[PDB]
>>> print(open('entry35.txt').read())   # compact mmCIF, N, CA and C atoms
# COMPACT_ATOMS: atom_id res chain seq x y z
N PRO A 17 3.42 -23.41 13.93
CA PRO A 17 3.93 -24.00 12.69
C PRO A 17 5.24 -24.77 12.86
N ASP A 18 5.90 -25.89 13.14
CA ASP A 18 7.34 -26.00 12.98
C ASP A 18 7.73 -26.66 11.66
N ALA A 19 6.90 -27.55 11.13
CA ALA A 19 7.24 -28.22 9.88
C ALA A 19 7.05 -27.29 8.69
N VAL A 20 5.94 -26.54 8.67
CA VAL A 20 5.65 -25.66 7.55
C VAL A 20 6.47 -24.38 7.63
N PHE A 21 7.16 -24.15 8.73
CA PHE A 21 7.95 -22.94 8.86
C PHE A 21 9.45 -23.20 8.80
N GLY A 22 9.88 -24.45 8.97
CA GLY A 22 11.31 -24.72 9.07
C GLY A 22 12.07 -24.52 7.77
N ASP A 23 11.54 -25.05 6.66
CA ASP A 23 12.19 -24.85 5.37
C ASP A 23 11.94 -23.45 4.84
N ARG A 24 11.03 -22.70 5.45
CA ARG A 24 11.07 -21.27 5.25
C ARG A 24 12.35 -20.70 5.81
N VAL A 25 12.63 -20.94 7.10
CA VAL A 25 13.78 -20.33 7.76
C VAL A 25 15.10 -20.83 7.18
N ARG A 26 15.15 -22.10 6.79
CA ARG A 26 16.35 -22.61 6.12
C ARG A 26 16.54 -21.99 4.75
N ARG A 27 15.45 -21.63 4.08
CA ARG A 27 15.57 -20.79 2.91
C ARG A 27 15.90 -19.36 3.29
N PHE A 28 15.44 -18.91 4.47
CA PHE A 28 15.64 -17.53 4.89
C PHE A 28 17.12 -17.23 5.12
N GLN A 29 17.92 -18.27 5.39
CA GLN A 29 19.37 -18.17 5.35
C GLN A 29 19.95 -18.55 3.99
N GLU A 30 19.16 -19.18 3.12
CA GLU A 30 19.69 -19.63 1.84
C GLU A 30 19.65 -18.53 0.79
N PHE A 31 18.50 -17.90 0.57
CA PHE A 31 18.43 -16.99 -0.55
C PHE A 31 19.14 -15.66 -0.33
N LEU A 32 19.71 -15.42 0.85
CA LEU A 32 20.41 -14.17 1.06
C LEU A 32 21.69 -14.09 0.27
N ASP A 33 22.29 -15.23 -0.06
CA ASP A 33 23.32 -15.19 -1.07
C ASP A 33 22.76 -15.10 -2.48
N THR A 34 21.49 -15.48 -2.68
CA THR A 34 20.91 -15.37 -4.02
C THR A 34 20.47 -13.94 -4.32
N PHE A 35 20.70 -13.01 -3.40
CA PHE A 35 20.77 -11.61 -3.77
C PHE A 35 22.05 -10.93 -3.27
N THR A 36 23.19 -11.60 -3.42
CA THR A 36 24.47 -10.90 -3.36
C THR A 36 24.58 -9.85 -4.46
N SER A 37 24.03 -10.15 -5.63
CA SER A 37 24.09 -9.22 -6.74
C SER A 37 22.87 -8.31 -6.81
N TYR A 38 21.89 -8.47 -5.92
CA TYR A 38 20.71 -7.60 -5.96
C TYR A 38 20.54 -6.76 -4.71
N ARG A 39 21.26 -7.08 -3.63
CA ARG A 39 21.09 -6.30 -2.41
C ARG A 39 21.67 -4.91 -2.57
N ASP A 40 22.61 -4.73 -3.48
CA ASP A 40 22.93 -3.40 -3.97
C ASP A 40 21.79 -2.79 -4.77
N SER A 41 21.16 -3.59 -5.63
CA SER A 41 20.17 -3.08 -6.57
C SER A 41 18.92 -2.59 -5.87
N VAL A 42 18.48 -3.30 -4.84
CA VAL A 42 17.21 -2.97 -4.24
C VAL A 42 17.29 -1.72 -3.38
N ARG A 43 18.47 -1.32 -2.94
CA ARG A 43 18.55 -0.08 -2.19
C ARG A 43 19.01 1.09 -3.04
N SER A 44 19.71 0.84 -4.14
CA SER A 44 20.13 1.93 -5.00
C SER A 44 18.95 2.55 -5.72
N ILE A 45 17.89 1.77 -5.96
CA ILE A 45 16.71 2.26 -6.65
C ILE A 45 15.83 3.16 -5.80
N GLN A 46 16.04 3.21 -4.50
CA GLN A 46 15.19 4.01 -3.65
C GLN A 46 15.88 5.21 -3.05
N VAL A 47 17.22 5.19 -2.94
CA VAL A 47 17.94 6.21 -2.20
C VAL A 47 17.87 7.54 -2.92
N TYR A 48 17.81 7.52 -4.24
CA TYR A 48 17.60 8.75 -4.97
C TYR A 48 16.13 9.12 -5.04
N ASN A 49 15.25 8.13 -5.01
CA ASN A 49 13.82 8.41 -4.94
C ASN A 49 13.46 9.00 -3.59
N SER A 50 14.17 8.61 -2.54
CA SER A 50 14.16 9.33 -1.28
C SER A 50 14.85 10.67 -1.37
N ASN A 51 15.83 10.82 -2.27
CA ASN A 51 16.53 12.10 -2.38
C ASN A 51 15.72 13.11 -3.18
N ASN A 52 15.29 12.74 -4.40
CA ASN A 52 14.61 13.70 -5.25
C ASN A 52 13.27 14.14 -4.68
N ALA A 53 12.61 13.27 -3.91
CA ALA A 53 11.35 13.65 -3.29
C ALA A 53 11.56 14.71 -2.21
N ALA A 54 12.75 14.79 -1.63
CA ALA A 54 13.08 15.85 -0.69
C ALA A 54 13.60 17.11 -1.36
N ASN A 55 13.90 17.06 -2.66
CA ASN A 55 14.36 18.21 -3.43
C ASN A 55 13.72 18.23 -4.82
N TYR A 56 12.39 18.14 -4.86
CA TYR A 56 11.65 18.32 -6.11
C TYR A 56 11.91 19.68 -6.74
N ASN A 57 11.95 20.74 -5.93
CA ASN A 57 12.15 22.08 -6.45
C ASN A 57 13.59 22.33 -6.87
N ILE A 91 9.22 7.10 -7.34
CA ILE A 91 8.72 7.27 -8.69
C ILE A 91 8.80 5.93 -9.42
N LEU A 92 9.50 4.97 -8.84
CA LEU A 92 9.52 3.64 -9.43
C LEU A 92 8.83 2.66 -8.49
N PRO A 93 8.18 1.62 -9.01
CA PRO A 93 7.58 0.62 -8.13
C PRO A 93 8.64 -0.31 -7.57
N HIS A 94 8.17 -1.35 -6.90
CA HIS A 94 9.04 -2.22 -6.13
C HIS A 94 9.28 -3.53 -6.89
N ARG A 95 10.22 -3.45 -7.81
CA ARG A 95 10.51 -4.54 -8.73
C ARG A 95 11.85 -5.17 -8.39
N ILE A 96 11.82 -6.46 -8.09
CA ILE A 96 12.97 -7.20 -7.62
C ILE A 96 13.05 -8.42 -8.51
N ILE A 97 13.73 -8.31 -9.64
CA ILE A 97 13.73 -9.37 -10.63
C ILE A 97 14.67 -10.46 -10.15
N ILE A 98 14.09 -11.59 -9.76
CA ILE A 98 14.86 -12.76 -9.37
C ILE A 98 15.03 -13.61 -10.61
N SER A 99 16.27 -13.86 -11.00
CA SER A 99 16.49 -14.72 -12.13
C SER A 99 16.37 -16.18 -11.72
N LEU A 100 16.28 -17.04 -12.72
CA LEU A 100 16.38 -18.47 -12.49
C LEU A 100 17.75 -18.89 -12.05
N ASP A 101 18.78 -18.30 -12.66
CA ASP A 101 20.16 -18.71 -12.52
C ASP A 101 20.64 -18.67 -11.09
N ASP A 102 20.20 -17.69 -10.32
CA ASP A 102 20.59 -17.59 -8.93
C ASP A 102 19.73 -18.48 -8.05
N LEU A 103 18.91 -19.35 -8.63
CA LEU A 103 18.10 -20.20 -7.80
C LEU A 103 18.02 -21.58 -8.43
N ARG A 104 18.94 -21.86 -9.35
CA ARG A 104 18.95 -23.19 -9.94
C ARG A 104 20.34 -23.78 -9.90
N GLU A 105 21.35 -22.93 -9.78
CA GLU A 105 22.71 -23.43 -9.73
C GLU A 105 23.01 -24.15 -8.42
N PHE A 106 22.28 -23.87 -7.36
CA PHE A 106 22.71 -24.42 -6.09
C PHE A 106 21.59 -24.71 -5.10
N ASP A 107 20.34 -24.77 -5.52
CA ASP A 107 19.26 -25.19 -4.63
C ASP A 107 18.34 -26.06 -5.46
N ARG A 108 18.03 -27.25 -4.98
CA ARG A 108 17.19 -28.13 -5.77
C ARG A 108 15.88 -28.44 -5.07
N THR B 189 -34.98 16.72 26.47
CA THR B 189 -33.93 17.68 26.17
C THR B 189 -32.95 17.13 25.15
N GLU B 190 -32.77 17.87 24.06
CA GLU B 190 -31.81 17.53 23.01
C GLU B 190 -31.18 18.82 22.52
N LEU B 191 -29.86 18.91 22.62
CA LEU B 191 -29.14 20.05 22.09
C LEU B 191 -29.18 20.02 20.56
N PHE B 192 -28.86 21.15 19.97
CA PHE B 192 -28.80 21.23 18.52
C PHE B 192 -27.60 20.43 18.03
N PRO B 193 -27.76 19.53 17.06
CA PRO B 193 -26.61 19.10 16.29
C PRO B 193 -26.01 20.29 15.57
N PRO B 194 -24.69 20.33 15.39
CA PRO B 194 -24.04 21.56 14.92
C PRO B 194 -24.37 21.91 13.48
N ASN B 195 -24.95 20.97 12.73
CA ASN B 195 -25.30 21.22 11.35
C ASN B 195 -26.52 22.10 11.18
N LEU B 196 -27.30 22.32 12.24
CA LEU B 196 -28.54 23.09 12.10
C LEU B 196 -28.28 24.57 11.86
N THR B 197 -27.51 25.20 12.74
CA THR B 197 -27.31 26.64 12.64
C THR B 197 -25.94 26.90 12.02
N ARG B 198 -25.87 26.85 10.69
CA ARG B 198 -24.64 27.25 10.03
C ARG B 198 -24.87 28.49 9.18
N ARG B 199 -25.76 28.36 8.20
CA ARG B 199 -26.04 29.35 7.16
C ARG B 199 -24.77 29.83 6.45
N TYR B 200 -23.79 28.95 6.29
CA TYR B 200 -22.51 29.29 5.69
C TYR B 200 -21.82 28.00 5.28
N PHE B 201 -20.76 28.13 4.49
CA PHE B 201 -19.99 26.98 4.04
C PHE B 201 -18.50 27.26 4.21
N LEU B 202 -17.69 26.30 3.79
CA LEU B 202 -16.24 26.46 3.79
C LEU B 202 -15.72 26.21 2.39
N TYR B 203 -14.53 26.74 2.12
CA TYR B 203 -13.85 26.53 0.86
C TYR B 203 -12.34 26.54 1.08
N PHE B 204 -11.62 26.09 0.06
CA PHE B 204 -10.17 25.99 0.10
C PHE B 204 -9.62 26.50 -1.21
N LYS B 205 -8.34 26.85 -1.22
CA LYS B 205 -7.70 27.32 -2.44
C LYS B 205 -6.19 27.12 -2.38
N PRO B 206 -5.62 26.30 -3.26
CA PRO B 206 -4.17 26.06 -3.25
C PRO B 206 -3.40 27.14 -4.00
N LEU B 207 -2.11 26.87 -4.19
CA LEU B 207 -1.15 27.82 -4.73
C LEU B 207 -0.31 27.18 -5.83
N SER B 208 -0.02 27.95 -6.88
CA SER B 208 0.96 27.52 -7.87
C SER B 208 1.76 28.71 -8.39
N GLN B 209 2.18 29.59 -7.48
CA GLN B 209 2.89 30.81 -7.81
C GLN B 209 4.35 30.65 -7.40
N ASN B 210 5.13 31.73 -7.48
CA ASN B 210 6.54 31.73 -7.11
C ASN B 210 6.78 31.52 -5.62
N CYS B 211 5.73 31.52 -4.79
CA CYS B 211 5.87 31.03 -3.44
C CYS B 211 6.23 29.55 -3.40
N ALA B 212 5.75 28.76 -4.36
CA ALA B 212 6.26 27.41 -4.52
C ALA B 212 7.73 27.40 -4.92
N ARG B 213 8.19 28.43 -5.63
CA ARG B 213 9.61 28.58 -5.93
C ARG B 213 10.34 29.41 -4.89
N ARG B 214 9.63 29.86 -3.85
CA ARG B 214 10.33 30.48 -2.72
C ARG B 214 11.03 29.42 -1.89
N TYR B 215 10.25 28.53 -1.28
CA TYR B 215 10.80 27.52 -0.39
C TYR B 215 9.77 26.42 -0.19
N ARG B 216 10.26 25.24 0.11
CA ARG B 216 9.45 24.04 0.20
C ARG B 216 10.14 23.08 1.13
N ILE B 220 3.55 22.35 -5.69
CA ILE B 220 3.88 20.97 -5.37
C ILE B 220 2.59 20.16 -5.28
N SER B 221 1.69 20.58 -4.40
CA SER B 221 0.39 19.96 -4.27
C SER B 221 -0.63 20.53 -5.24
N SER B 222 -0.19 21.34 -6.20
CA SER B 222 -1.09 21.97 -7.15
C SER B 222 -0.47 22.07 -8.54
N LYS B 223 0.25 21.04 -8.96
CA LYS B 223 0.62 20.93 -10.36
C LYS B 223 -0.57 20.38 -11.14
N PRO B 224 -0.84 20.88 -12.34
CA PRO B 224 -2.03 20.42 -13.04
C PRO B 224 -1.80 19.06 -13.67
N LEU B 225 -1.94 18.02 -12.87
CA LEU B 225 -1.79 16.66 -13.34
C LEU B 225 -2.99 16.30 -14.20
N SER B 226 -2.78 15.40 -15.15
CA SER B 226 -3.86 14.92 -15.98
C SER B 226 -4.62 13.82 -15.25
N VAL B 227 -5.67 13.32 -15.88
CA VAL B 227 -6.47 12.26 -15.30
C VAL B 227 -5.75 10.91 -15.39
N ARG B 228 -4.69 10.83 -16.19
CA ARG B 228 -4.17 9.53 -16.60
C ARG B 228 -3.31 8.90 -15.51
N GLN B 229 -2.64 9.71 -14.72
CA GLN B 229 -1.65 9.24 -13.78
C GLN B 229 -2.11 9.34 -12.34
N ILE B 230 -3.42 9.20 -12.10
CA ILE B 230 -4.00 9.75 -10.88
C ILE B 230 -4.49 8.68 -9.93
N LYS B 231 -4.36 7.41 -10.27
CA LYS B 231 -5.03 6.35 -9.55
C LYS B 231 -4.25 5.87 -8.31
N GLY B 232 -3.12 6.47 -7.99
CA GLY B 232 -2.24 5.87 -7.01
C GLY B 232 -2.56 6.24 -5.58
N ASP B 233 -1.63 6.94 -4.93
CA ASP B 233 -1.82 7.42 -3.57
C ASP B 233 -2.57 8.75 -3.53
N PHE B 234 -3.07 9.17 -4.68
CA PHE B 234 -3.80 10.42 -4.82
C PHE B 234 -5.27 10.27 -4.50
N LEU B 235 -5.61 9.33 -3.62
CA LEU B 235 -6.99 9.04 -3.28
C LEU B 235 -7.18 9.40 -1.81
N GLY B 236 -7.85 10.52 -1.58
CA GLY B 236 -8.04 11.04 -0.25
C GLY B 236 -7.23 12.30 -0.05
N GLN B 237 -6.91 12.98 -1.15
CA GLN B 237 -6.06 14.15 -1.13
C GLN B 237 -6.78 15.32 -1.80
N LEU B 238 -6.04 16.39 -2.08
CA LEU B 238 -6.53 17.58 -2.76
C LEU B 238 -5.66 17.74 -4.00
N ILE B 239 -6.26 17.59 -5.17
CA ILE B 239 -5.55 17.63 -6.44
C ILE B 239 -6.38 18.46 -7.41
N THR B 240 -5.73 19.29 -8.21
CA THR B 240 -6.47 19.92 -9.29
C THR B 240 -6.19 19.22 -10.61
N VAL B 241 -7.21 19.21 -11.48
CA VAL B 241 -7.13 18.60 -12.81
C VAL B 241 -7.83 19.53 -13.79
N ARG B 242 -7.23 19.75 -14.95
CA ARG B 242 -7.87 20.48 -16.03
C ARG B 242 -8.67 19.50 -16.87
N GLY B 243 -9.54 20.02 -17.73
CA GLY B 243 -10.32 19.15 -18.57
C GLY B 243 -11.31 19.94 -19.41
N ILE B 244 -12.33 19.23 -19.87
CA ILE B 244 -13.44 19.82 -20.61
C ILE B 244 -14.73 19.30 -20.01
N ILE B 245 -15.58 20.22 -19.56
CA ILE B 245 -16.76 19.83 -18.81
C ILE B 245 -17.86 19.41 -19.78
N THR B 246 -18.40 18.22 -19.56
CA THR B 246 -19.55 17.72 -20.30
C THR B 246 -20.56 17.12 -19.33
N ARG B 247 -21.76 16.85 -19.86
CA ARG B 247 -22.89 16.27 -19.14
C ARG B 247 -23.29 17.08 -17.92
N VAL B 248 -23.80 18.29 -18.13
CA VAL B 248 -24.24 19.14 -17.04
C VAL B 248 -25.67 18.73 -16.70
N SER B 249 -25.88 18.28 -15.48
CA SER B 249 -27.22 18.01 -15.00
C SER B 249 -27.86 19.29 -14.48
N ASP B 250 -28.95 19.15 -13.74
CA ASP B 250 -29.58 20.32 -13.17
C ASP B 250 -29.20 20.50 -11.70
N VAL B 251 -29.92 21.39 -11.03
CA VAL B 251 -29.68 21.71 -9.64
C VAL B 251 -30.84 21.13 -8.84
N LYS B 252 -30.53 20.22 -7.97
CA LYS B 252 -31.59 19.58 -7.22
C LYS B 252 -31.35 19.78 -5.72
N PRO B 253 -32.41 19.91 -4.93
CA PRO B 253 -32.24 20.09 -3.49
C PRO B 253 -31.82 18.80 -2.81
N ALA B 254 -30.69 18.85 -2.13
CA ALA B 254 -30.28 17.74 -1.30
C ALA B 254 -30.64 18.02 0.15
>>> encode(input="entry35.txt", output="structure tokens")
Amino acid sequence: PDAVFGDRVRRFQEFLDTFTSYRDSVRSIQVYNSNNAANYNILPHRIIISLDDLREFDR
Amino acid sequence: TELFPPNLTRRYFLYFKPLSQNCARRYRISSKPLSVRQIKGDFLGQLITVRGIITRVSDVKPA
């Protein structure tokens, strides 16, 4: 692939700032689900990407 | 010459039985009486008990 993969990789460095505010969110939702499952004696994998973090600076 | 497949001479079966007593509160779940409603997930290929009301009883046929 180099043409069909290049703007993937250039995005692969681009959108990592578009989850500066979600890279906390995506791990905080599982660390207790990993915790409570080890001490029982639950949420799906939802990563809401807003428009705002992908329209202010990528066209 | 053909040996017996192991299914020929059994004349017996197997069974299983889980637990929901204070041994679950001793130290550690797989036998909470879940309903039918929440069951479609990773609970496919496991051992789960479910309560209910039995309807549509067929007969006994030789398999």
>>> closest_atom_pairs(input="entry35.txt", of="chain A", to="chain B", cutoff="8 Å", atoms="only N, CA and C atoms", output="tab-separated table")
residue	atom	partner	partner_atom	distance
A:54	C	B:216	C	7.3
A:55	CA	B:216	C	7.9
A:57	CA	B:213	CA	7.0
>>> atom_distance(input="entry35.txt", atom1="atom N of residue 231 of chain B", atom2="atom C of residue 97 of chain A")
26.1 Å
>>> select_by_dssp(input="entry35.txt", residues="segment 42-105 of chain A", states="helix (DSSP H, G or I)", output="ChimeraX atom specification")
/A:42-52,101-103
>>> atom_distance(input="entry35.txt", atom1="atom C of residue 251 of chain B", atom2="atom N of residue 238 of chain B")
26.1 Å
>>> atom_distance(input="entry35.txt", atom1="atom C of residue 33 of chain A", atom2="atom C of residue 101 of chain A")
9.6 Å
>>> closest_residue(input="entry35.txt", among="A:34, A:21, A:49, A:29", to="residue 102 of chain A", atoms="all atoms listed in the file")
A:34
>>> closest_residue(input="entry35.txt", among="B:210, B:224, B:196, B:189", to="residue 242 of chain B", atoms="only N, CA and C atoms")
B:224
>>> closest_residue(input="entry35.txt", among="A:24, A:96, A:50, A:19", to="residue 38 of chain A", atoms="all atoms listed in the file")
A:96
